[PDB]
Amino acid sequence: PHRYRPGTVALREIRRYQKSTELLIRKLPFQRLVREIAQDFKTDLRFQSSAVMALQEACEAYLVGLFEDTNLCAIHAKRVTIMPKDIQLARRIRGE
Amino acid sequence: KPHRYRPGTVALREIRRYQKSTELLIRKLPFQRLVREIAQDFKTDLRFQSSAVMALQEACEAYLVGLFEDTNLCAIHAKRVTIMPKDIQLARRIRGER
Amino acid sequence: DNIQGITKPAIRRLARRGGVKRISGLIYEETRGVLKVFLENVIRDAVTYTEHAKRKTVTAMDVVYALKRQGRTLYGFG
Amino acid sequence: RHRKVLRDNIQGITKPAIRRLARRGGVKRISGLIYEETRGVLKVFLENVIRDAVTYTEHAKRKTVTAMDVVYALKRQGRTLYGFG
Amino acid sequence: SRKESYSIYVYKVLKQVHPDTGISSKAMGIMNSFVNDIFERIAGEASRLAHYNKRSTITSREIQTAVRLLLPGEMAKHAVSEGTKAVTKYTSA
Amino acid sequence: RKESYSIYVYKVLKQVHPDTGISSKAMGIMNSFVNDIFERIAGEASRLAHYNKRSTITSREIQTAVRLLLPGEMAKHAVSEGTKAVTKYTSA
Amino acid sequence: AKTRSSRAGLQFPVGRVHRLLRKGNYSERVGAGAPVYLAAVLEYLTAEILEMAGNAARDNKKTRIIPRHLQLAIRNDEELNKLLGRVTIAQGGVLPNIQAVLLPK
Amino acid sequence: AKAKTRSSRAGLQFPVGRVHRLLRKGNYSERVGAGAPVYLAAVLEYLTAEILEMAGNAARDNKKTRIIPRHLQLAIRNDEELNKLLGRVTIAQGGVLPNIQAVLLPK
DNA sequence: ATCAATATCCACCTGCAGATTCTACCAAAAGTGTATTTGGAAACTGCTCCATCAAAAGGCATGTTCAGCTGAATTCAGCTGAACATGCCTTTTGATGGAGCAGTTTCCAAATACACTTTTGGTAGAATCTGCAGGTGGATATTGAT
DNA sequence: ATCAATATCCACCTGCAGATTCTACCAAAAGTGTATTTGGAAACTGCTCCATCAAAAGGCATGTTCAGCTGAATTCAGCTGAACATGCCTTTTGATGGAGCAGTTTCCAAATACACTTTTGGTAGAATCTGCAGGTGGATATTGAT
Ligand SMILES: [Cl-]
Ligand SMILES: [Cl-]
Ligand SMILES: [Cl-]
Ligand SMILES: [Cl-]
Ligand SMILES: [Mn+2]
Ligand SMILES: [Mn+2]
Ligand SMILES: [Mn+2]
Ligand SMILES: [Mn+2]
Ligand SMILES: [Mn+2]
Ligand SMILES: [Mn+2]
Ligand SMILES: [Mn+2]
Ligand SMILES: [Mn+2]
């Protein structure tokens with residue numbers, strides 16, 4: 001049976017998803033999360049469809065940029081695997 | 001055998017000394033010459049308010065100190081204690097300066 | 001529970017688009033944490049705009065203003 | 001009266017001054033190549049700020065860079081400075 | 001040749017909070033910078049708020065919303081308390 | 001009645017690419033870009049006029065704001081285009 | 001009659017830009033040449049980005065510019081990328097970029 | 001016709017009238033409401049009071065009678081929300097907070 | 001490295017649903033013509049403050065020696081994370097129906113603007129007041145050899 | 001485990017540069033009266049959005065196997081820190097002289113104001129035609145024996 005080596009499929013996924021532009025998080029869970037978080041600030045809120053869509057575009061763009069910086073932090077320490085310390089360093093340097 | 005501190009002791013002592021004080025760390029007159037030279041490369045026969053040079057120096061030193069903090073974090077991240085140009089480049093790339 | 005709707009495959013796709021080749025097992029929970037913080041900071045400001053307009057419906061413009069006020073300008077929703 | 005032309009003054013940012021700056025930033029050990037690198041970034045930073053400051057000076061049709069010009073240049077670059085207004 | 005600043009009001013507040021404490025010239029300059037910066041932040045956000053809602057008037061409401069947008073949470077609640085109290089005492093008195 | 005820049009953007013597109021179209025979402029991004037740059041330039045010009053105790057925004061404030069906001073070569077081209085438009089307007 | 005945008009050799013609306021300057025709480029007064037200058041600059045930047053995005057669309061066998069083409073045009077241009085360095089283009093994606101150390105040897 | 005100041009009527013130290021004029025001429029809006037200057041002056045005074053309190057306490061920790069920029073930097077950076085509010089601000093002659101990474105300490 | 005086997009991706013193609021472009025009507029925005037006002041530039045000064053240099057004293061920059069300790073290079077296994085098969089349930093897609101919120105018009109009280117007049121709080125400069133820099137000396141904590 | 005060497009920290013003290021208080025004038029805020037704008041409430045409407053139900057597809061959760069990456073352990077040459085001599089150039093305070101910033105007046109090009117006409121940009125539906133499923137075939141890359 002055919003079995004690719006560890007890393008080959010990861011690189012293939014990198015190319016595929018850097019080539020496309022569709023949103024990567026499922027819509028319904030993200031919508032539920034948005035409404036739950038909003039509830040903690042003000043009750044009985046409604047949401048424009050474009051408002052949820054814009055929140056998700058912003059969130060995914062932010063996370064992709066953060067993952068780029070995290071990857072650079074992981075490579076800086078001569079390894080290829082991103083760890084929580086990489087995310088923490090990236091966020092500390094960004095000002096977060 | 002005359003007295004000799006071990007490498008790092010005086011460095012740590014200097015860290016403490018300069019983290020407690022607030023005086024400017026670059027000499028005044030050389031910094032003024034640098035500022036005037038750069039401004040001359042932008043527009044000739046410029047004069048400078050005395051406080052303008054001081055504002056430039058306060059800003060520059062604060063920026064460099066913050067950049068050195070981030071550079072120190074980048075050097076420590078890779079399990080070492082010595083800051084290298086690669087650390088400065090990583091810090092500037094992540095800050096948005098690149 | 002509801003923050004767990006951001007599944008491991010989705011966080012992995014996000015990291016892939018960011019160029020990541022190998023992912024530690026703890027990253028997912030870490031990512032959820034930061035995502036929550038991010039969303040909170042945005043939504044709070046959005047809701048504030050909604051409250052100032054005496055509305056009960058969060059609009060796309062509220063989100064756009066919240067994002068611009070935090071230095072992350074978003075195009076395409078104005 | 002006129003001053004002699006200013007040249008190569010970026011070397012006035014001496015290694016000891018860069019060391020003091022790094023010390024205040026918490027650095028314990030410095031690679032030998034850092035100093036020239038620091039000078040590079042410093043010059044770029046200064047250039048950008050002065051470029052904006054002089055622009056304000058030119059817009060006011062003044063020949064004197066004021067502290068306010070520098071403050072406005074720093075604020076527009078996201079580096080607000082207190083104490084010079 | 002007549003320059004205005006916030007120095008006297010800052011000094012009165014200083015005597016409120018610390019009757020036996022003074023302040024240096026440079027620290028006063030920093031405080032004036034702080035006051036002007038916060039004034040600009042709040043006034044600009046209030047301007048944008050009024051414009052977003054097609055209102056030609058900046059009111060106490062725009063200032064309150066700008067304060068909620070600009071300050072961290074507990075500091076925001078405290079500032080809202082003091083602003084509301086000042087406006088209510090101003091109206092009735 | 002909602003206002004946008006869509007017709008002007010489409011006219012510029014037909015100038016630069018006579019046989020190329022644009023999607024709805026890309027046009028929305030166009031409008032966002034135009035509004036953002038307008039606000040940046042107008043705000044910097046406002047602050048310029050205010051710093052110098054001027055109650056009037058003129059082409060000079062716009063030029064200085066463009067020099068402050070845009071990168072070098074882009075700033076020089078934009079200054080050229082603004083000056084050219086103002087001179088043709090004055091003579092027209 | 002004749003419009004100001006025609007007299008300025010522009011496509012962008014001079015009159016609308018003047019009204020938006022007069023109504024944005026920017027200054028008590030607005031000069032005659034400021035809307036012309038601003039409209040010209042906006043039209044120039046639009047022309048630059050549309051040119052590069054149309055080239056990207058034609059590389060992609062496409063007749064219509066989509067957000068992806070705008071993202072590619074912006075990020076592959078150094079000064080456009082600088083001007084929009086903190087701007088998010090919805091549905092734009094990112095640039096293909098794999099760190100060399102991740103590629104197989 | 002007796003004169004009272006708006007700052008007195010609002011129980012404030014900061015100048016309500018000056019803040020009103022500064023709002024009226026800063027090209028912020030066509031009109032300015034009666035309560036906006038009061039609210040804004042009160043908020044500015046409150047933030048000034050907070051920073052002065054913490055900086056004066058820092059000055060008393062150092063046996064000093066006068067607040068200097070160093071005390072303001074210590075007050076700002078050691079307070080979470082003050083540090084957040086001024087995260088992009090440089091305090092001239094403020095220095096930095098004493099802080100040595102643990103891994104740099106002698107082993 | 002070659003060579004076969006295997007899996008993935010790209011470019012093509014057709015049919016057509018859906019997105020975009022085209023079209024025509026109309027309320028609102030821009031344009032026009034004329035009258036009137038005004039911001040700010042141009043000219044004229046009066047001083048503030050900046051450029052530049054000078055002396056001299058000492059603080060600091062520089063070059064040099066040397067050695068401790070760090071960064072770099074390497075090795076190796078354990079155990080983490082990748083890849084894949086399987087089954088199921090969450091999300092997705094589609095449809096229906098109301099309530100509920102976002103907008104909209106109008107009109108009058110209330111709120112805000114602005115010119116004129118009067119008063120006073122704020123300022124600049126002078127006079128007064130003072131904490132803290134900058135010295136000395138002693139106790140104390142730290143560091144490194146031994 | 002001490003002991004010498006060095007640095008850090010503390011408490012004192014006084015003179016003056018810097019900070020605070022005093023003083024009196026006047027610009028700006030307050031009071032008054034009148035003119036202008038607007039907020040909001042009452043009634044009304046038609047989109048949006050949320051609730052709800054249903055089928056089914058595809059994406060996720062889970063378990064299994066293993067390759068290979070990360071962390072630990074080790075070793076070493078050379079770089080960077082510590083210390084010192086040497087000499088220069090920065091700092092401090094002031095002089096000199098003029099450049100240029102700021103205050104003031106005058107008056108015109110340029111901006112605002114207003115009533116009315118002409119043009120235009122937005123909108124919804126019709127007409128147009130591109131981009132996308134979902135197929136194939138060929139190019140390309142990967143993986144395992146050898
Ligand atoms: Cl970690
Ligand atoms: Cl390096
Ligand atoms: Cl109000
Ligand atoms: Cl003009
Ligand atoms: Mn030069
Ligand atoms: Mn005038
Ligand atoms: Mn080591
Ligand atoms: Mn008085
Ligand atoms: Mn002392
Ligand atoms: Mn002169
Ligand atoms: Mn038309
Ligand atoms: Mn397909």
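Here is how names work: the chains are called A, B, and so on, in the same order as the sequence lines, proteins then strands, and each is numbered from 1. The basis for the numbers below is simple: all heavy atoms, side chains too, and nothing from hydrogens, waters or symmetry mates.
- The A/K27 side chain lies nearest to I/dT92 when the options are I/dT92, J/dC60, J/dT6.
- At the heavy-atom level, G/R7 lies under 4.0 Å from the strands shown only through sugar-phosphate atoms.
- Position along DNA chain J of the nearest nucleotide to G/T3 versus H/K2 favours H/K2 as the more 5'-ward residue.
- Neither OP1 nor OP2 of J/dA141 sits under 4.0 Å from any side-chain N or O of A/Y4.
- Residue contacts shown for C/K8 are absent, as no nucleic acid heavy atom lies under 4.0 Å away.
- Residue H/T65 places none of its side-chain N or O atoms closer than 4.0 Å to OP1 or OP2 of I/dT130.
- A salt bridge between A/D44 and C/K56 is present, with a side-chain N of the basic residue lying under 4.0 Å from a carboxylate O of the acidic one.
- Contact annotation: B/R27 side-chain N/O to J/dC88 OP1/OP2 distance is not under 4.0 Å.
- B/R16 comes within 4.0 angstrom of no nucleic acid atom, judged by non-hydrogen atoms across all strands.
- Interface remark: the A/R3 side chain does form a donor-acceptor pair with the I/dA83 base, using a distance-only criterion of under 3.5 Å.
- Counting any heavy atom pair closer than 4.0 Å across all strands shown, E/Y9 reaches sugar-phosphate atoms only and no base atom.
- If you check I/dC132, J/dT70, I/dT21 against the side chain of A/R79, the one that comes closest is J/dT70.
- A salt bridge links B/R80 to B/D87: one of the charged nitrogens lies within less than 4.0 Å of a carboxylate oxygen.
- You'll find that the side chain of A/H2 is closest to I/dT6, out of I/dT6, I/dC101, J/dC79.
- Of all heavy-atom pairs between G/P67 and G/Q91, the closest is CB-O, 3.5 Å.
- Here the side chain of A/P29 is nearest to one of J/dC60, I/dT91, J/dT96, namely I/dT91.
- Mapped onto DNA chain I by nearest heavy atom, B/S51 and B/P7 fall at different nucleotides, with B/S51 at the one closer to the 5' end.
- Side-chain N/O atoms of B/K1 include none lying less than 4.0 angstrom from OP1 or OP2 on J/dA4.
- Using a 4.0 Å heavy-atom distance criterion, F/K14 is classed as making no nucleic acid contact.
- The side chain of C/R55 lies closest to I/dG103 when the candidates are J/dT143, J/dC50, I/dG103.
- Between H/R21 and J/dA29, a side-chain N or O to OP1/OP2 separation shorter than 4.0 Å is present.
- Of all nucleotides present, only I/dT112 satisfies the Watson-Crick or G-U wobble test against J/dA35, with each distance under 3.5 Å.
- J/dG125 and I/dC22 make up a base pair, with Watson-Crick or G-U wobble contacts both under 3.5 Å.
- The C1'-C2'-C3'-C4' dihedral of I/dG103 is negative. Its furanose therefore counts as south.
- OP1 or OP2 of I/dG40 sits under 4.0 Å from a side-chain N or O of F/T56.
- Residue contacts shown for G/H18 are absent, as no nucleic acid heavy atom lies under 4.0 Å away.
- The two residues A/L11 and G/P104 make their nearest non-hydrogen contact at CD1-CD, 3.7 Å.
- The heavy-atom pair separating H/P15 from H/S7 by the smallest distance is CA-OG, 3.4 Å.
- In this structure, C/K54 reaches the J/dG40 phosphate: one of its side-chain N or O atoms is under 4.0 Å from OP1 or OP2.
- Within 4.0 Å of A/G7, counting heavy atoms only, lie sugar-phosphate atoms of the nucleic acid but no base atom.
- The nucleotide I/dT140 finds its pairing partner in J/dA7, both defining distances of the Watson-Crick or G-U wobble pair being shorter than 3.5 Å.
- Across every strand in view, J/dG94 sits in a pair with I/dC53 that passes the Watson-Crick or G-U test at under 3.5 angstrom.
- Pair check for J/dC107 finds I/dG40; Watson-Crick or G-U wobble, both atom distances under 3.5 Å.
- Note on B/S50: every side-chain N or O is 4.0 Å or more away from OP1 and OP2 of I/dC50.
- Taking both residues in full, the closest heavy atoms of G/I65 and F/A26 are given as O-CB, 3.5 Å, listed atom of the first, atom of the second, then distance.
- Using a 4.0 Å heavy-atom criterion, one finds that B/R4 contacts the bases of the nucleic acid, with or without backbone contacts as well.
- The aromatic rings of H/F14 and E/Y9 are tilted relative to each other, their planes meeting at an angle between 30° and 60°.
- Across all strands shown, A/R32 has heavy atoms under 4.0 Å from sugar-phosphate atoms exclusively, and none from any base.
- Heavy-atom distances to DNA chain I give each of C/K21 and H/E30 a nearest nucleotide, and the one nearer the 5′ end belongs to C/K21.
- Checking the phosphate oxygens (OP1, OP2) of I/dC69, a side-chain nitrogen or oxygen of B/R6 falls inside 4.0 Å.
- A positive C1'-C2'-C3'-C4' dihedral is found for the sugar of I/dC12, placing it in the north range.
- Nearest nucleotide to the C/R22 side chain, out of J/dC69, J/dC79, J/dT6: J/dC69.
- The side chain of B/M84 lies closest to I/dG71 when the candidates are I/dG71, I/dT32, J/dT90.
- The pairing partner recorded for J/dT130 is I/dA17, the criterion being a Watson-Crick or G-U wobble arrangement whose two distances lie under 3.5 angstrom.
- Of all nucleotides listed (I/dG68, I/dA113, J/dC132), J/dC132 comes nearest to the side chain of G/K62.
- With I/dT92, I/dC10, I/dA72 as the candidates, the nucleotide lying closest to the side chain of A/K19 is I/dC10.
- A salt bridge is absent between B/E14 and B/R16; no separation between the charged side-chain nitrogens and carboxylate oxygens falls under 4.0 Å.
- For the OP1/OP2 pair of J/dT20 and a distance below 4.0 Å, the side-chain nitrogens and oxygens of E/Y11 include at least one atom meeting the criterion.
- Base-pair partner of J/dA85: I/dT62 (Watson-Crick or G-U wobble, both distances under 3.5 Å).
- Across all strands shown, I/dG100 forms a Watson-Crick or G-U wobble pair with J/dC47, both key distances being under 3.5 Å.
- Between E/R55 and the phosphate of J/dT38, there is no side-chain N or O to OP1/OP2 separation shorter than 4.0 Å.
- When the side-chain nitrogen and oxygen atoms of B/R36 are compared with OP1 and OP2 of I/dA51, one or more of them lie within a distance under 4.0 Å.
- Here F/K14 does not pair with F/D19 in a salt bridge; the nearest charged N to carboxylate O distance is not below 4.0 Å.
- Comparing atom distances between the D/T64 side chain and each of J/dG81, J/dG100, J/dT70 picks out J/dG100 as nearest.
- OP1 or OP2 of J/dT80 has not a single side-chain nitrogen or oxygen of D/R19 nearer than 4.0 Å.
- Among the heavy atoms of the strands lying under 4.0 Å from H/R18 are primed sugar atoms or P, OP1, OP2 only; no base atom is included.
- Classification of G/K23 and H/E30 as a salt-bridged pair fails, no side-chain N sitting under 4.0 Å from a carboxylate O.
- Applying the 4.0 Å criterion to OP1 and OP2 of I/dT70, one finds that H/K107 has a side-chain N or O inside that range.
- Take the nearest nucleotide of DNA chain J for A/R46 and for H/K63: the residue whose nucleotide is more 5' is H/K63.
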